[PDB]
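Only one chain is shown below, in structure tokens, and it's the form solved without the ligand.
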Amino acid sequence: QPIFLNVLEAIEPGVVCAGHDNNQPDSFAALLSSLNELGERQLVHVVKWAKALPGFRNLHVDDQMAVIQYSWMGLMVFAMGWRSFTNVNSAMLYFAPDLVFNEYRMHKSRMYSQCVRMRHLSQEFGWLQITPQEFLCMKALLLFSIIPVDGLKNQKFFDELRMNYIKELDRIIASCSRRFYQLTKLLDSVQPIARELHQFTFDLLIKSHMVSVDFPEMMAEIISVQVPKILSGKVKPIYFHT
């Protein structure tokens, strides 16, 4: 319909596999190493997605990387939750076609609770009958949903961008307002999830030698330089609802 929807559809990243060896048995080290690797792979695509987003180049260059660097966990969880929805109706987590988590992997990854949280999120796409277009605008909005408490290098450009992505979400919803409450509530629910994964990946990186869980270059860096900013409270999500 609009140029906006056109673009989100056009730029939506395709299939990313994890490289996981599905012949080897399930083990914390194998699974988490494959996850970390899927993380690196998807990071590459999120950067490119983000950069091709309407209005994105309005942001100051510093803010362009910051915003991505802070929001990846949520975008990735969110996108994954939708894959898990469309591909398997939320019965398992469809991280990638070569890394689908059944309950046994949920428990073997040592992230069962976090996993059940994501499965639930995935179910929400069903329970609310989220349209493919609702999904894409929502995921777009997620990128503008976490920021330093100090604001950004150029706070005004960000606010404008964030304002218009809200407007678009609203235009594509357009009592019809329970809809908006719900979706905004759905969006807020990504954040407590991402915070758990944040603490978890961080702890994991710290003891990563002691468990033989393997971290790739870009993952290690972001998790040690950027993720701690979030957990120390220097960077916080923007919630719709208090």
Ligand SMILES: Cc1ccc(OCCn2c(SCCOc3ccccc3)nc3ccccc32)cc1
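Each residue number is its position in the shown sequence, starting from 1.
Beyond the structure shown, there is the form deposited with the ligand bound, which is absent from this document and is the topic of what follows.
Though the partner is left out of this view, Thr131 does not reach within 4.5 Å of the ligand in the bound PDB entry, counting heavy atoms only. Although the partner is absent here, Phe135 is not a contact residue: none of its heavy atoms lies within 4.5 angstroms of the ligand in the bound PDB entry. Using a 4.5 Å cutoff between non-hydrogen atoms, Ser27 does not count as a contact of the ligand in the bound PDB entry. Mapping the unseen interface onto this chain, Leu53 counts among the residues with a heavy atom inside 4.5 Å of the ligand in the bound PDB entry.
The listed set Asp170, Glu160, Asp98, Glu103 contains one residue whose heavy atoms approach the ligand in the bound PDB entry to within 4.5 Å, identified as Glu160.
Residues from 1 to 17 that approach the ligand in the bound PDB entry with a non-hydrogen atom within 4.5 Å are limited to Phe4.
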